[PDB]
Amino acid sequence: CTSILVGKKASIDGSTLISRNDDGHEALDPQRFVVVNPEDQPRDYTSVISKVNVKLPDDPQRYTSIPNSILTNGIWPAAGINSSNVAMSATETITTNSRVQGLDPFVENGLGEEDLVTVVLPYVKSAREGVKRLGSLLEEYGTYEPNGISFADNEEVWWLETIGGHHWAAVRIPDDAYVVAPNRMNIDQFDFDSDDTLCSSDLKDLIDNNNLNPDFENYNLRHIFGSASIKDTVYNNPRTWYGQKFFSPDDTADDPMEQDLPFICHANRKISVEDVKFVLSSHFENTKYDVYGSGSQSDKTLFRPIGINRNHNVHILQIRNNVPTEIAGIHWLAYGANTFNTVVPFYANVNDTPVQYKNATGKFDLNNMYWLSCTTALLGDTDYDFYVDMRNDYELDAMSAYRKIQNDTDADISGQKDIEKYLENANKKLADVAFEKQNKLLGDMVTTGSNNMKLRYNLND
(Lines give C-alpha, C1' and ligand atoms only; values in the text may rest on other atoms or scores of the structure.)
Protein backbone atom coordinates (compact mmCIF):
# COMPACT_ATOMS: atom_id res chain seq x y z
CA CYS A 1 0.00 0.00 0.00
CA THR A 2 0.94 3.63 -0.53
CA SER A 3 -0.85 6.52 1.19
CA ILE A 4 -0.93 10.25 0.39
CA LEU A 5 -2.33 12.90 2.74
CA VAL A 6 -2.94 16.57 1.92
CA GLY A 7 -3.95 19.31 4.37
CA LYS A 8 -6.62 21.87 3.53
CA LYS A 9 -4.20 24.71 2.74
CA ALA A 10 -1.99 22.42 0.62
CA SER A 11 -4.68 21.36 -1.85
CA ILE A 12 -5.53 23.37 -4.95
CA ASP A 13 -9.17 23.74 -3.87
CA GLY A 14 -9.05 24.05 -0.06
CA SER A 15 -10.22 20.48 0.48
CA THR A 16 -8.63 17.84 2.66
CA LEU A 17 -7.44 14.66 0.93
CA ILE A 18 -6.52 11.28 2.31
CA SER A 19 -5.74 8.46 -0.08
CA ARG A 20 -4.41 4.95 -0.37
CA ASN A 21 -3.70 2.20 -2.84
CA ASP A 22 -5.36 -0.86 -1.35
CA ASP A 23 -2.74 -3.43 -2.33
CA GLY A 24 -3.25 -7.10 -1.54
CA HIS A 25 -1.21 -10.30 -1.62
CA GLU A 26 -2.78 -11.78 -4.78
CA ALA A 27 -2.81 -9.68 -7.93
CA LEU A 28 -6.60 -9.89 -8.32
CA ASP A 29 -9.29 -9.81 -5.65
CA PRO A 30 -12.70 -8.39 -6.65
CA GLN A 31 -13.74 -5.16 -4.93
CA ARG A 32 -17.20 -3.61 -4.46
CA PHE A 33 -18.33 -0.01 -3.82
CA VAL A 34 -20.93 -0.21 -1.08
CA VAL A 35 -22.86 2.19 1.12
CA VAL A 36 -23.55 0.64 4.52
CA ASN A 37 -26.82 2.09 5.80
CA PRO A 38 -27.31 2.09 9.59
CA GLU A 39 -29.75 -0.82 9.52
CA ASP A 40 -27.10 -2.92 7.73
CA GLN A 41 -24.40 -2.27 10.33
CA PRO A 42 -23.57 -4.97 12.91
CA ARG A 43 -24.06 -4.26 16.60
CA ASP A 44 -22.31 -7.50 17.53
CA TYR A 45 -19.24 -7.81 15.33
CA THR A 46 -16.96 -10.84 15.08
CA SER A 47 -13.95 -10.93 12.74
CA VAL A 48 -13.10 -13.85 10.49
CA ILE A 49 -9.31 -13.80 10.77
CA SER A 50 -8.83 -13.22 14.52
CA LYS A 51 -12.32 -14.00 15.87
CA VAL A 52 -12.20 -10.76 17.90
CA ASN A 53 -15.68 -9.97 19.18
CA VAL A 54 -16.63 -6.29 19.40
CA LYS A 55 -19.87 -4.88 20.78
CA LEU A 56 -20.72 -1.73 18.82
CA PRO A 57 -22.94 1.31 19.57
CA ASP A 58 -26.57 1.24 18.41
CA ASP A 59 -26.30 4.52 16.49
CA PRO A 60 -23.98 3.89 13.53
CA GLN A 61 -23.81 6.55 10.80
CA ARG A 62 -24.27 5.72 7.11
CA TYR A 63 -20.89 5.35 5.35
CA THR A 64 -19.30 4.46 2.02
CA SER A 65 -16.92 1.49 1.91
CA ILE A 66 -15.00 -0.79 -0.47
CA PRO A 67 -15.61 -4.33 0.79
CA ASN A 68 -14.15 -7.46 -0.83
CA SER A 69 -16.59 -9.37 -3.05
CA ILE A 70 -15.31 -12.68 -1.70
CA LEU A 71 -15.80 -12.67 2.06
CA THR A 72 -13.58 -15.66 2.88
CA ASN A 73 -11.24 -13.50 4.99
CA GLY A 74 -13.82 -11.02 6.22
CA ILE A 75 -15.25 -7.75 4.96
CA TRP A 76 -12.11 -5.62 4.40
CA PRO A 77 -14.03 -2.32 3.91
CA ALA A 78 -10.73 -0.41 3.33
CA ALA A 79 -12.00 3.16 3.45
CA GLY A 80 -14.94 5.52 3.34
CA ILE A 81 -16.74 8.72 4.29
CA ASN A 82 -19.58 8.85 6.85
CA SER A 83 -22.65 11.10 6.96
CA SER A 84 -20.73 13.55 9.21
CA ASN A 85 -18.23 14.01 6.36
CA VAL A 86 -15.47 12.23 8.22
CA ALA A 87 -13.11 10.18 6.05
CA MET A 88 -11.05 7.17 7.12
CA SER A 89 -8.68 4.81 5.35
CA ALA A 90 -7.35 1.67 7.03
CA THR A 91 -4.77 0.41 6.57
CA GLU A 92 -1.26 1.12 5.45
CA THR A 93 0.76 -1.85 6.74
CA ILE A 94 3.85 -0.43 8.45
CA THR A 95 6.87 -1.78 10.31
CA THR A 96 7.90 -2.49 13.89
CA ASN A 97 10.93 -3.87 15.72
CA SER A 98 11.78 -6.67 18.15
CA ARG A 99 12.46 -4.40 21.14
CA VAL A 100 8.94 -2.96 21.30
CA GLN A 101 7.38 -6.30 20.27
CA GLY A 102 9.20 -7.90 23.21
CA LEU A 103 7.38 -5.50 25.54
CA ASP A 104 3.93 -5.37 23.92
CA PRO A 105 3.44 -8.44 21.68
CA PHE A 106 0.76 -8.68 19.00
CA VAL A 107 -2.64 -9.85 20.25
CA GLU A 108 -3.73 -12.84 18.15
CA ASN A 109 -7.42 -12.37 18.86
CA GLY A 110 -7.18 -8.60 18.37
CA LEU A 111 -8.25 -6.16 15.67
CA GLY A 112 -6.84 -5.99 12.15
CA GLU A 113 -7.15 -4.22 8.81
CA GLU A 114 -10.08 -6.59 8.20
CA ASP A 115 -12.04 -4.71 10.85
CA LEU A 116 -10.91 -1.15 11.46
CA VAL A 117 -13.16 1.02 9.28
CA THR A 118 -16.20 -1.05 10.31
CA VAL A 119 -15.66 -0.61 14.06
CA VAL A 120 -14.50 3.06 13.95
CA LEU A 121 -15.89 5.18 11.11
CA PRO A 122 -19.66 4.88 11.77
CA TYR A 123 -19.27 6.19 15.32
CA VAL A 124 -17.26 9.41 15.07
CA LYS A 125 -18.03 12.97 14.02
CA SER A 126 -14.50 14.35 13.54
CA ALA A 127 -11.10 13.09 12.43
CA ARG A 128 -9.77 13.70 15.94
CA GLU A 129 -12.62 11.60 17.36
CA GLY A 130 -11.67 8.86 14.89
CA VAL A 131 -8.12 8.86 16.24
CA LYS A 132 -9.28 8.68 19.85
CA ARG A 133 -11.81 5.91 19.26
CA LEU A 134 -9.28 3.78 17.40
CA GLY A 135 -6.75 4.34 20.18
CA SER A 136 -9.30 3.19 22.79
CA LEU A 137 -10.15 0.12 20.75
CA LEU A 138 -6.47 -0.83 20.43
CA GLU A 139 -6.18 -0.58 24.19
CA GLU A 140 -9.36 -2.61 24.76
CA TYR A 141 -8.93 -5.35 22.13
CA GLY A 142 -5.32 -5.21 20.99
CA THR A 143 -4.10 -5.73 17.42
CA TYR A 144 -2.17 -8.42 15.55
CA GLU A 145 -0.76 -6.08 12.85
CA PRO A 146 1.46 -2.98 12.51
CA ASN A 147 -0.78 -0.40 10.78
CA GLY A 148 -1.07 3.19 9.64
CA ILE A 149 -4.52 4.80 9.45
CA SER A 150 -5.64 8.15 8.02
CA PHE A 151 -8.56 10.29 9.19
CA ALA A 152 -9.91 13.54 7.78
CA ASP A 153 -12.74 16.04 8.08
CA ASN A 154 -13.18 19.45 6.44
CA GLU A 155 -10.64 20.96 8.88
CA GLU A 156 -8.03 18.38 9.84
CA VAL A 157 -6.00 15.43 8.61
CA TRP A 158 -4.57 12.88 11.04
CA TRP A 159 -2.22 9.93 10.69
CA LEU A 160 -2.26 7.20 13.34
CA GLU A 161 0.32 4.46 13.65
CA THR A 162 -0.17 1.36 15.80
CA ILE A 163 2.70 0.22 17.99
CA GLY A 164 2.93 -3.31 19.34
CA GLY A 165 -0.25 -5.03 20.53
CA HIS A 166 -1.83 -2.07 22.32
CA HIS A 167 0.09 1.18 21.86
CA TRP A 168 -0.30 3.98 19.30
CA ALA A 169 0.60 7.51 18.29
CA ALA A 170 -0.96 10.03 15.93
CA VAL A 171 0.02 13.30 14.27
CA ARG A 172 -2.13 16.08 12.88
CA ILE A 173 -0.74 16.95 9.46
CA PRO A 174 -0.16 20.74 9.23
CA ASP A 175 -2.70 22.57 7.03
CA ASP A 176 -0.10 23.47 4.42
CA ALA A 177 1.64 20.09 4.34
CA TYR A 178 1.43 16.74 2.57
CA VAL A 179 2.67 13.23 3.39
CA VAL A 180 3.69 10.26 1.22
CA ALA A 181 3.70 7.02 3.23
CA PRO A 182 4.88 3.52 2.22
CA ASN A 183 4.84 0.22 4.12
CA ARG A 184 7.22 1.48 6.81
CA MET A 185 6.63 3.32 10.09
CA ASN A 186 6.47 7.01 9.22
CA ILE A 187 6.09 9.34 12.19
CA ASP A 188 9.47 10.93 12.96
CA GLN A 189 10.11 13.86 15.35
CA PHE A 190 7.40 13.70 18.02
CA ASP A 191 6.44 16.32 20.62
CA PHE A 192 4.36 14.55 23.28
CA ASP A 193 2.58 17.60 24.76
CA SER A 194 1.89 19.19 21.37
CA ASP A 195 -1.58 20.20 20.18
CA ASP A 196 -0.75 18.39 16.96
CA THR A 197 -0.13 14.98 18.57
CA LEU A 198 -2.04 12.25 20.41
CA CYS A 199 -0.76 8.94 21.78
CA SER A 200 -0.99 6.19 24.40
CA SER A 201 -1.01 7.84 27.82
CA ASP A 202 1.99 5.67 28.75
CA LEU A 203 3.96 5.98 25.48
CA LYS A 204 6.73 8.26 26.79
CA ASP A 205 7.14 6.18 29.95
CA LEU A 206 7.28 3.00 27.86
CA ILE A 207 10.17 4.53 25.92
CA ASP A 208 12.04 6.07 28.85
CA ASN A 209 11.72 3.14 31.25
CA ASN A 210 12.73 0.40 28.83
CA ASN A 211 15.67 2.04 27.05
CA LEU A 212 13.88 2.02 23.70
CA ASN A 213 15.29 5.34 22.53
CA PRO A 214 18.31 5.00 20.22
CA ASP A 215 18.81 8.76 19.89
CA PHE A 216 20.90 11.00 22.10
CA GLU A 217 18.27 13.75 22.11
CA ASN A 218 14.52 14.05 21.60
CA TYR A 219 12.03 11.47 20.34
CA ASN A 220 11.73 10.09 16.82
CA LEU A 221 8.99 7.47 16.83
CA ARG A 222 10.09 5.42 13.83
CA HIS A 223 13.66 5.47 15.15
CA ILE A 224 12.22 4.13 18.41
CA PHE A 225 9.36 1.87 17.28
CA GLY A 226 9.96 1.34 13.57
CA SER A 227 12.52 0.03 11.14
CA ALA A 228 15.44 1.24 9.04
CA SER A 229 16.23 -2.02 7.29
CA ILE A 230 17.93 -3.04 4.07
CA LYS A 231 14.51 -4.13 2.81
CA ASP A 232 13.18 -0.62 3.58
CA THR A 233 15.67 0.87 1.11
CA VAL A 234 14.14 -1.00 -1.84
CA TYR A 235 10.54 -1.71 -0.78
CA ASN A 236 9.59 1.53 0.94
CA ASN A 237 11.93 4.52 0.82
CA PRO A 238 12.02 4.88 -2.99
CA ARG A 239 8.25 5.33 -3.03
CA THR A 240 8.49 8.12 -0.47
CA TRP A 241 11.38 9.62 -2.41
CA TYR A 242 9.59 9.59 -5.77
CA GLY A 243 6.55 11.32 -4.29
CA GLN A 244 8.62 13.96 -2.49
CA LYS A 245 10.69 14.54 -5.63
CA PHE A 246 7.43 15.21 -7.51
CA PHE A 247 5.95 17.62 -4.94
CA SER A 248 9.13 19.05 -3.35
CA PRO A 249 11.86 18.70 -6.02
CA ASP A 250 14.11 21.41 -4.58
CA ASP A 251 13.91 20.03 -1.03
CA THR A 252 14.63 16.41 -1.96
CA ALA A 253 18.04 14.90 -2.73
CA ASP A 254 18.79 12.13 -5.21
CA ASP A 255 19.02 9.02 -3.02
CA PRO A 256 15.84 6.89 -3.20
CA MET A 257 17.22 4.64 -0.46
CA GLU A 258 17.37 7.44 2.14
CA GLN A 259 16.13 6.20 5.57
CA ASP A 260 15.42 9.63 7.05
CA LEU A 261 13.23 11.31 4.47
CA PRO A 262 10.87 13.74 6.26
CA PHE A 263 7.39 12.58 7.24
CA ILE A 264 5.79 16.01 6.94
CA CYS A 265 6.54 17.88 3.70
CA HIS A 266 5.73 21.18 2.03
CA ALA A 267 5.16 21.18 -1.73
CA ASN A 268 6.27 23.96 -4.09
CA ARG A 269 2.67 24.33 -5.30
CA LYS A 270 -0.91 23.44 -4.39
CA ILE A 271 -1.87 19.81 -4.98
CA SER A 272 -4.69 18.49 -7.18
CA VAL A 273 -6.57 15.19 -7.21
CA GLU A 274 -4.90 14.60 -10.58
CA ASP A 275 -1.48 15.03 -8.87
CA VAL A 276 -2.30 12.48 -6.18
CA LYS A 277 -3.57 9.95 -8.71
CA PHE A 278 -0.39 10.44 -10.73
CA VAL A 279 1.87 9.59 -7.79
CA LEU A 280 -0.38 6.69 -6.72
CA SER A 281 -0.07 5.27 -10.26
CA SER A 282 3.66 5.75 -10.64
CA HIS A 283 6.53 3.41 -11.43
CA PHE A 284 9.57 5.69 -11.14
CA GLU A 285 8.95 7.26 -14.55
CA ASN A 286 12.07 8.85 -16.07
CA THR A 287 14.47 6.94 -13.81
CA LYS A 288 16.38 3.69 -14.31
CA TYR A 289 14.07 2.09 -11.73
CA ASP A 290 11.05 2.21 -14.04
CA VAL A 291 10.05 -1.38 -14.87
CA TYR A 292 8.67 -0.13 -18.21
CA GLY A 293 11.76 1.98 -18.84
CA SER A 294 15.29 1.82 -20.23
CA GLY A 295 17.19 0.54 -17.19
CA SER A 296 19.02 -2.75 -16.73
CA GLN A 297 16.95 -5.78 -15.74
CA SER A 298 18.29 -5.60 -12.19
CA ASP A 299 17.66 -1.83 -11.90
CA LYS A 300 14.15 -2.18 -13.39
CA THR A 301 13.14 -4.69 -10.72
CA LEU A 302 15.03 -3.34 -7.71
CA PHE A 303 12.29 -1.13 -6.27
CA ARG A 304 8.65 -1.79 -5.45
CA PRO A 305 6.59 0.60 -7.62
CA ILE A 306 3.54 2.52 -6.37
CA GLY A 307 1.23 1.66 -9.24
CA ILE A 308 1.34 -2.15 -9.21
CA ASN A 309 -0.44 -5.28 -10.44
CA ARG A 310 -1.97 -5.80 -7.01
CA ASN A 311 -3.66 -2.37 -6.69
CA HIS A 312 -7.10 -3.76 -5.79
CA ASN A 313 -8.67 -0.36 -5.32
CA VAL A 314 -7.43 3.19 -5.15
CA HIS A 315 -9.38 5.75 -3.20
CA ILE A 316 -8.95 9.47 -2.72
CA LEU A 317 -11.26 10.67 0.03
CA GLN A 318 -11.97 14.36 -0.36
CA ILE A 319 -13.78 16.66 2.04
CA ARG A 320 -14.44 19.87 0.15
CA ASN A 321 -14.85 23.36 1.60
CA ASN A 322 -15.99 25.31 -1.47
CA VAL A 323 -19.50 23.77 -1.32
CA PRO A 324 -22.53 23.00 0.90
CA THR A 325 -21.90 20.09 3.29
CA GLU A 326 -24.40 17.83 1.48
CA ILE A 327 -21.96 17.62 -1.48
CA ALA A 328 -18.69 18.14 0.43
CA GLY A 329 -17.77 14.45 0.71
CA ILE A 330 -16.29 12.93 -2.46
CA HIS A 331 -15.19 9.28 -2.55
CA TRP A 332 -12.89 9.13 -5.58
CA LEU A 333 -12.55 5.52 -6.68
CA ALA A 334 -10.89 3.18 -9.20
CA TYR A 335 -10.04 -0.53 -9.45
CA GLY A 336 -7.11 -2.67 -10.63
CA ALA A 337 -3.54 -1.63 -11.49
CA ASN A 338 -3.51 2.18 -11.50
CA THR A 339 -1.65 2.45 -14.80
CA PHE A 340 -4.85 2.04 -16.85
CA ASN A 341 -7.72 3.37 -14.75
CA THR A 342 -9.09 6.76 -13.66
CA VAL A 343 -10.51 7.78 -10.29
CA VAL A 344 -14.19 8.75 -10.48
CA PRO A 345 -15.49 11.44 -8.09
CA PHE A 346 -18.46 9.68 -6.49
CA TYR A 347 -20.58 11.82 -4.17
CA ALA A 348 -20.51 10.10 -0.78
CA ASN A 349 -23.89 11.49 0.34
CA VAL A 350 -25.93 8.63 -1.13
CA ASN A 351 -27.82 5.56 0.08
CA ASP A 352 -26.72 3.24 -2.73
CA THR A 353 -23.96 2.91 -5.33
CA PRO A 354 -23.79 2.50 -9.16
CA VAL A 355 -24.13 -1.07 -10.48
CA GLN A 356 -20.85 -1.21 -12.47
CA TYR A 357 -18.97 -0.44 -9.25
CA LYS A 358 -21.14 -2.33 -6.76
CA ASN A 359 -21.72 -5.70 -8.39
CA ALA A 360 -18.41 -7.57 -8.74
CA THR A 361 -18.45 -11.24 -7.75
CA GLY A 362 -15.90 -14.04 -8.05
CA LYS A 363 -17.21 -14.66 -11.57
CA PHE A 364 -15.30 -12.84 -14.32
CA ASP A 365 -17.62 -10.19 -15.77
CA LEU A 366 -16.39 -7.51 -18.16
CA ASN A 367 -19.55 -5.47 -17.61
CA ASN A 368 -18.16 -4.82 -14.14
CA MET A 369 -15.50 -2.13 -13.62
CA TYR A 370 -13.24 -4.24 -11.40
CA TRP A 371 -12.79 -6.95 -14.02
CA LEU A 372 -12.77 -4.50 -16.95
CA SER A 373 -10.09 -2.34 -15.32
CA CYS A 374 -7.85 -5.29 -14.39
CA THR A 375 -8.14 -6.66 -17.92
CA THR A 376 -7.11 -3.27 -19.36
CA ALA A 377 -4.05 -2.90 -17.15
CA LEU A 378 -2.88 -6.46 -17.86
CA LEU A 379 -3.04 -5.88 -21.61
CA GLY A 380 -1.30 -2.52 -21.16
CA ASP A 381 1.47 -4.24 -19.18
CA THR A 382 2.33 -6.46 -22.18
CA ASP A 383 3.52 -3.48 -24.24
CA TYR A 384 3.42 -0.29 -22.20
CA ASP A 385 5.18 2.02 -24.65
CA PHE A 386 2.76 0.89 -27.37
CA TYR A 387 -0.39 1.55 -25.32
CA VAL A 388 0.63 4.55 -23.20
CA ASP A 389 -0.49 7.22 -25.69
CA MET A 390 -4.06 5.90 -25.78
CA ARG A 391 -3.85 5.60 -21.99
CA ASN A 392 -2.80 9.24 -21.68
CA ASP A 393 -5.56 10.48 -24.03
CA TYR A 394 -8.14 8.47 -22.10
CA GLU A 395 -7.04 9.91 -18.75
CA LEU A 396 -7.52 13.51 -19.90
CA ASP A 397 -10.74 12.73 -21.74
CA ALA A 398 -12.26 10.81 -18.83
CA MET A 399 -11.23 13.20 -16.04
CA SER A 400 -12.53 16.11 -18.11
CA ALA A 401 -15.91 14.40 -18.44
CA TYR A 402 -16.06 13.62 -14.70
CA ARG A 403 -15.33 17.22 -13.76
CA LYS A 404 -17.95 18.50 -16.19
CA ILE A 405 -20.54 16.28 -14.50
CA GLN A 406 -19.33 17.30 -11.03
CA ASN A 407 -19.37 21.01 -11.90
CA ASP A 408 -22.88 20.77 -13.39
CA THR A 409 -24.14 18.74 -10.43
CA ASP A 410 -22.61 21.12 -7.88
CA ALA A 411 -24.07 24.16 -9.62
CA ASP A 412 -27.66 22.89 -9.37
CA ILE A 413 -27.61 21.57 -5.79
CA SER A 414 -29.69 24.37 -4.22
CA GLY A 415 -33.40 23.64 -3.93
CA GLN A 416 -33.12 19.91 -4.60
CA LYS A 417 -35.87 18.30 -2.53
CA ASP A 418 -34.32 14.84 -2.60
CA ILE A 419 -30.55 15.26 -2.30
CA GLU A 420 -29.67 11.56 -2.14
CA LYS A 421 -31.73 10.81 -5.24
CA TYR A 422 -30.14 13.76 -7.06
CA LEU A 423 -26.62 12.62 -6.17
CA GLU A 424 -27.30 8.96 -6.93
CA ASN A 425 -28.30 10.09 -10.42
CA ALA A 426 -25.08 12.08 -10.71
CA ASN A 427 -23.11 9.03 -9.54
CA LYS A 428 -24.94 6.94 -12.11
CA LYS A 429 -23.93 9.38 -14.84
CA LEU A 430 -20.33 9.30 -13.62
CA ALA A 431 -20.21 5.49 -13.53
CA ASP A 432 -21.92 5.15 -16.93
CA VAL A 433 -19.35 7.48 -18.51
CA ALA A 434 -16.46 5.84 -16.66
CA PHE A 435 -17.50 2.44 -18.00
CA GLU A 436 -18.04 3.70 -21.55
CA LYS A 437 -14.60 5.33 -21.61
CA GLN A 438 -12.85 2.36 -19.97
CA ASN A 439 -14.47 0.06 -22.49
CA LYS A 440 -13.55 2.25 -25.46
CA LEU A 441 -9.94 2.35 -24.23
CA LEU A 442 -9.73 -1.44 -24.01
CA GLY A 443 -11.34 -1.71 -27.45
CA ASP A 444 -8.84 0.70 -28.94
CA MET A 445 -5.98 -1.23 -27.31
CA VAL A 446 -7.31 -4.56 -28.59
CA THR A 447 -7.80 -3.20 -32.09
CA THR A 448 -4.36 -1.59 -32.42
CA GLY A 449 -2.65 -4.32 -30.39
CA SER A 450 -4.09 -7.03 -32.64
CA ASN A 451 -2.23 -5.41 -35.56
CA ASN A 452 0.99 -5.89 -33.61
CA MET A 453 0.54 -9.55 -32.60
CA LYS A 454 3.49 -11.93 -32.97
CA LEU A 455 1.14 -14.28 -34.76
CA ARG A 456 0.99 -12.20 -37.92
CA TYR A 457 2.30 -12.16 -41.46
CA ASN A 458 1.31 -9.23 -43.64
CA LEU A 459 1.88 -8.52 -47.29
CA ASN A 460 3.18 -4.95 -47.31
CA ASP A 461 0.98 -3.70 -50.13
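## A few points about the overall build of the protein chain
Inference 1: Secondary structure summary: the protein chain contains 13 helices and 16 strands in total.
Inference 2: Computed over C-alpha atoms, the radius of gyration of the protein chain comes to 22 Å, within 12% of the 23 Å expected from 2.2 N^0.38 for 461 residues, which places it in the range of a compact globule.
Inference 3: Here the protein chain holds 461 residues, and the buried ones make up 60% of them.
Inference 4: Restricting the contact set of the protein chain to residue pairs at least 6 apart, pairs at least 24 apart contribute 71%.

## So, the sheet that holds strand β7 (residues 79–81)
As a general point, the strands of a sheet are linked pairwise by backbone hydrogen bonds and lie either parallel or antiparallel.
Inference 1: Taking strand neighbours across the sheet as the criterion, the 6 strands line up as β7-β8-β9-β10-β11-β13 in an open arrangement whose pairing is antiparallel. Across the chains shown, the open sheet's two edge strands, defined by having one partner strand only, are β7 and β13 (197–199). Neighbouring strand axes in the sheet, compared pairwise and without regard to direction, differ in orientation by 15° on average.
Inference 2: Packing of helix α3 (residues 127–141) onto the sheet brings it into contact with β9 (147–152), β10 (157–163), β11 (167–173) and β13, and relative to β10 it is tilted by some 10°.

## Focus on helix α7 (residues 237–247)
Inference 1: Among the 11 residues that make up α7, 9 are buried, leaving the element largely enclosed by the rest of the structure.
Inference 2: Of the residues making up α7, those classed as buried are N237, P238, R239, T240, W241, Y242, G243, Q244 and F247.

## Quick notes on the environment of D191
Inference 1: Mapping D191 onto the fold places it in the loop between β12 (178–181) and β13.
Inference 2: Relative accessible area serves as the criterion here: at 43%, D191 is assigned to the partly exposed category.
Inference 3: As for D191 and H25, which are separated by 166 residues in sequence, their C-alpha atoms are 36 Å apart.

## Focus: the pairing of β11
Inference 1: Where burial is concerned, most of β11 is hidden: 7 out of the 7 residues are buried.
Inference 2: Of the two faces of β11, both are covered, the one formed by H167, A169, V171 and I173 as well as the one formed by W168, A170 and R172.
Inference 3: By the bridge criterion, 3 bridges tie β11 to β13 in an arrangement that is antiparallel. Note that in β13 the partner of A169 across the bridge is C199.

## Some words on the sheet that holds strand β1 (residues 2–6)
Inference 1: Strand order in this open sheet of 6 strands is β12-β1-β2-β14-β15-β16, and the pairing throughout is antiparallel. In the strand order of this sheet, the two ends are held by β12 and β16 (344–347), each with one partner. Mean inter-strand twist for the sheet, computed between neighbouring axes without regard to direction, equals 15°.
Inference 2: Here helix α8 (residues 273–280) sits on the sheet and contacts β1, β2 (16–23), β14 (311–319) and β15 (329–335); the angle it forms with β14, its principal contact strand, is near 155°.
Inference 3: On top of the sheet, helix α12 (residues 384–411) reaches β15 and β16; it is set at about 25° to β16, its chief contact.

## Points about the pattern of salt bridges
Inference 1: In the structure shown here, the tally under the stated rule is 22 salt bridges.
Inference 2: A salt bridge links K9 to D175, with the nearest nitrogen and oxygen atoms 3.9 Å apart. With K9 in the loop between β1 and β2 and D175 in the loop between β11 and β12, this pair connects stretches of sequence that are 166 residues apart.
Inference 3: A salt bridge links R184 to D232; the nearest nitrogen and oxygen atoms lie 3.2 Å apart.

## Some remarks on the nonpolar core
Inference 1: Counting residues in hydrophobic clusters, the biggest one holds 98 residues, and the most contacted among them are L221, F225 and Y357.
Inference 2: With 11 residues, the top contributor of residues to this core is helix α13 (residues 419–451).
Inference 3: Residue contacts for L221: discarding those within four places in its chain leaves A169, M185, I187, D188, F190, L203, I207 and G226.
Inference 4: Core analysis: the second largest hydrophobic core is formed by 30 residues, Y45, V54, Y141 and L160 among them.

## With respect to a negative patch on the surface
Inference 1: A cluster of like negative charges, contributed by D191, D193, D195 and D196, occupies part of the molecular surface.
Inference 2: Assignment of secondary structure puts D195 in the loop between β12 and β13.

## Here's the deal with the packing of helix α11 (residues 369–381) against α13
Inference 1: The contact between α11 and α13 brings their axes to 10 Å, and the two run at 30°. The angle between α11 and α13 places the two elements in the roughly parallel class. Crossing handedness for the pair α11 and α13: left-handed. Of the residues in α13, those in contact with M369, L372, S373, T375, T376, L379 and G380 of α11 are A434, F435, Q438, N439, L441, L442, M445 and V446.
Inference 2: Tallied by class, residues from the contact of α11 with α13 come to 9 nonpolar, 6 polar and no charged.

Definitions and cut-offs
Residues numbered from 1 in each chain as written, not as in the entry; some residues may be left out. Heavy atoms only, no water. Helix = DSSP H or I, 4+ residues; strand = E, 2+ residues; numbered from the N terminus. Rg over C-alpha atoms; globule rule 2.2 N^0.38 Å. Buried < 20%, exposed > 50% of the residue type's maximum accessible area, 1.4 Å probe, protein only. Contact = heavy atoms within 4.5 Å. Pairing = 2+ DSSP bridges. Axes fitted to C-alpha atoms, helices over the stretch in contact; angles between N-to-C directions. Salt bridge = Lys/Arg side-chain N within 4 Å of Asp/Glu carboxyl O. Core = buried A, V, L, I, M, F, W, Y, C linked by side-chain atoms within 4.5 Å. Patch = residues over 30% accessible without salt bridge, like charges linked within 9 Å, V, L, I, M, F, W, Y side chains within 5 Å. Areas by Shrake-Rupley, 256 points an atom, 1.4 Å probe, with all protein chains shown as cover. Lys, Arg positive; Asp, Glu negative; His and termini not counted. Charge placed at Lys NZ, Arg CZ, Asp CG, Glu CD. Parallel < 35°, antiparallel > 145°, perpendicular 65-115°, else oblique. Left-handed = near helix turned anticlockwise from the far one by under 90°. Nonpolar A, V, L, I, M, F, W, Y, C, P; charged D, E, K, R; others polar.

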